[PDB]
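Undergrad: Experimental structure and sequence below, a few questions after.
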Amino acid sequence: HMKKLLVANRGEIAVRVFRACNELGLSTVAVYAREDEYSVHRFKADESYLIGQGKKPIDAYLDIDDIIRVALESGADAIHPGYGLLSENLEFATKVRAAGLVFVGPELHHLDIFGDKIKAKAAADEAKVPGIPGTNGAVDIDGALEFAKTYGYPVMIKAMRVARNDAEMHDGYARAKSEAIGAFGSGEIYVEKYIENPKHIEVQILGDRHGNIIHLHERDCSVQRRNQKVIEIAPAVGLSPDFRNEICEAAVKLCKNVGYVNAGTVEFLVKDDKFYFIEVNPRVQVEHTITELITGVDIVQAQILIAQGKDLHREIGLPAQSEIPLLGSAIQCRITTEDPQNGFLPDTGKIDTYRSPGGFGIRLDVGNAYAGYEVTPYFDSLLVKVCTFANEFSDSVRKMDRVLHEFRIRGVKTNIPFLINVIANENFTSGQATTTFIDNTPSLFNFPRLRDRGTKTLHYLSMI
Amino acid sequence: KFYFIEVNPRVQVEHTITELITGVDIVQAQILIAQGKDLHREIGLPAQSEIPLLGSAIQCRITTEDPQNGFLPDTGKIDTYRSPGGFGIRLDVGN
Amino acid sequence: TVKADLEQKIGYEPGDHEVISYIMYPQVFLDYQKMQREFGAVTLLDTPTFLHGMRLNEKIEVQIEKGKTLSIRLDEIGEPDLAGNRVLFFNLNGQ
Amino acid sequence: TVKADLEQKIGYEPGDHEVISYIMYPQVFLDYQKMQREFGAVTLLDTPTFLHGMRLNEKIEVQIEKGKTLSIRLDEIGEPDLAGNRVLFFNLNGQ
């Protein structure tokens, strides 16, 4: 079938894929903006080609035509989109298949239905998986109270104000139409049930062309700040086996029902033993790493094999749903340039020092974080994804703590101080954190001033 | 048939792979045992038959042994080294 | 009043001696804190180093605690760029 | 006779054209092989580079195959040591 693969992406996830390709004896092809000419992923591939010429750097990684131009002149049989950029884009998926190239991903149907939040909520109802109660569309004020009447309080008003009460609802819905007449301009006003202090829990899904559909357990991504994922764990050690099994089964259900293909993730919110579909990610996620660790299933390999038409169980080699392993726990932290003593503004500059730790229970999916690399302002801030893993979640924590402390990254600020505080915290170590845990724990933002004696001395020695 | 030849009263260089296929941090265990602790009660290991066996693992020692010079360990300044990674890779790095 | 006022200005709780140094010599004490923040414990440097920096290819050890030491070789001094900057190439602890 | 004799002298099986080049210009062909072993495919360099090397802070790309290229910045030129050696500090492909 397939001899060569082009990754329509960059950085850690581009390198992740080349690795999976290489292991499957596929040749690789990388694409890079001018501004990214120094990125690792450019040189980690068998051949690489400039794109987006003259454009802004992010625009270049979005230049659908120019990518395919390259895909073709290069001889590629397939394209892996990665995550973010064009990976969820229908126009791209369509045009790629259109030019007789394999797009490693799900069916154009799936991109379409799950890319739009109304058709998805629709397809979820059809599938008989409970979503977030919403006013089926925007509503008059007698209707907002009707909505709150069934389902109950609190609830959330979106143009978005919270409303624990009939009083607050009038207050909210009229202040929304004022906030709404001078902000976008328009004020059709929908209301959704509101889900106070939820765990965010998602389920990893594989399906092939032959109708098979398995889950790779779940991932608890509750540890967010300003609803930005900071740390993901796996499984959700906070919740009981059976309740977890039930959330997973419901994502199989949703996906059997649309006959999902390739890899994808089913996001839920969770609260006191009920759960609410919120999304589907028709792609591989940044946090796929940890699920791989707890199952033993190379997800990016599987992705690719699925797109060669192969069968999950017969050729690829995966066991039946109930025989899919669950080997202890795993944790991921993205080490970024987000300076936490400067309100998480991603630092830029030349990186002077980086060595990558290792040993038992450590996994490193490294981005562009090396000695001498100029961190530019153009791309996201990620330096390196760190996973740890161990039978006992207590020990997965121990290893993460050691590693974050072992890192010596000089040249640019990083978020490590923040991460250290977070894995120190008893709410986290217990496996019970919620989405509001970080924003409601002010203690996490007291950071020890660090003495860097090496650096300062060398500054002095140099000055003199 | 099988024939005892030795015992190594220590940790071995190749312990790594056993750790990987069992999930048991051996060097941790080593240390905890020397604090008097109990394999099953405190340390937390299951009974012999419940000890896991999770696929396979392989180790290679990358040395300076030049194989086109009869494996005579090369010396000199190292100019480049970056350590690879990703799923299913473990690195216990030397100097 | 002063202790609180100072804690804000240097960003930690000052000991009684810092307070009183501040009372005695306010400007100088704050400047000293900038210097410390920019340059660290220069106190630990041998005097010739502290006063002359380093010579090309010179090696030094700076003891900082018991059993912790900065080994510092200097290997090259770059020419200045257009912005009047130079790049010095050290080996600190084998990096 | 010559083909065998040459294979030994350069360490691979020479194509018919190498053989005949060797017959035509023996010394020169061997010297060319030294140069190739020491310096590689200098052919691929732009002529000004090939003849003048690089300037401080200069950046160049050398195409070696379709879709494979050496990005080479030059960042500093060391002073010589006692043995009359210098150290040049490049960034080749972000290393």
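TA: Good, I have the coordinates. Numbering: from 1, shown residues only, chains lettered A, B, ... in the order given.

Undergrad: So what does the residue nearest to residue A:215 when sequence neighbours are not counted have for phi and psi?
TA: Leaving aside its chain neighbours, residue A:215 sits nearest to residue A:248 (4.5 Å; criterion: C-beta to C-beta, 6 or more residues apart in numbering or on different chains). All C-beta atoms are positioned from the backbone trio N, CA, C, and that covers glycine. Dihedral angles phi and psi of residue A:248 (degrees, to the nearest 10) take the values phi -70, psi -50.

Undergrad: Can you give me the neighbour number for the closest residue to chain C within the stretch 51-200 of chain A?
TA: Chain C sits closest to residue A:57 of the stretch 51-200 of chain A, with a gap of 24.6 Å, by C-beta to the nearest C-beta. Using other C-beta atoms under 10 Å in any protein chain shown, residue A:57 is surrounded by 18 other residues.

Undergrad: can you give me the helices in chain C?
TA: Taking DSSP state H as the criterion, chain C carries its helices at C:2-10, C:16-24, C:26-39, C:47-52.

Undergrad: was I right about the residue of the stretch 51-200 of chain A closest to chain C contacting residue A:33?
TA: Yes: between residue A:57 and residue A:33 there is a contact under C-beta atoms under 8 Å: 4.2 Å.

Undergrad: Tell me the residues on chain A that lie near chain B, please.
TA: A:15-16, A:19, A:289, A:292-293, A:296, A:298, A:300, A:325, A:327-328, A:356, A:358-366, A:370, A:390-392, A:395 (C-beta under 8 Å from any C-beta of the partner chain).

Undergrad: Does stretch A:375-387 reach chain D?
TA: No: using C-beta under 8 Å from any C-beta, stretch A:375-387 never reaches chain D; the gap is at least 12.0 Å.

Undergrad: for residue 51, what are its contacts?
TA: You didn't pick a chain, so chain A it is. If you count contacts by C-beta atoms under 8 Å, 6 or more residues apart in numbering or on different chains, residue A:51 has them with A:31-33, A:60-61, A:63, A:66-67, A:70.

Undergrad: Chain C was what I was after
TA: residue A:464.

Undergrad: looking at the sheet around residue A:29, what are its partners?
TA: On the basis of DSSP bridges, residue A:29 is bridged to residue A:6, residue A:47.

Undergrad: looking at it, it is touching residue A:41, isn't it?
TA: No: shown here, residue A:29 and residue A:41 do not form a contact pair, counting by C-beta under 8 Å, at 11.2 Å.

Undergrad: Find residues that contact each of the two.
TA: residue A:7.

Undergrad: Sketch out the strands for the stretch 151-300 of chain A, chain order is fine.
TA: With DSSP state E, counting those that start in this stretch, the ranges of strands along the stretch 151-300 of chain A come out as A:155-158, A:161-163, A:190-193, A:199-207, A:213-224, A:229-234, A:262-271, A:274-281.

Undergrad: Make CSV from those and add mean neighbour count to it.
TA: Listed next are these as CSV, based on neighbours: other C-beta atoms under 10 Å in any protein chain shown:
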stretch, mean neighbour count
strand A:155-158, 20
strand A:161-163, 17
strand A:190-193, 20
strand A:199-207, 25
strand A:213-224, 24
strand A:229-234, 24
strand A:262-271, 22
strand A:274-281, 19
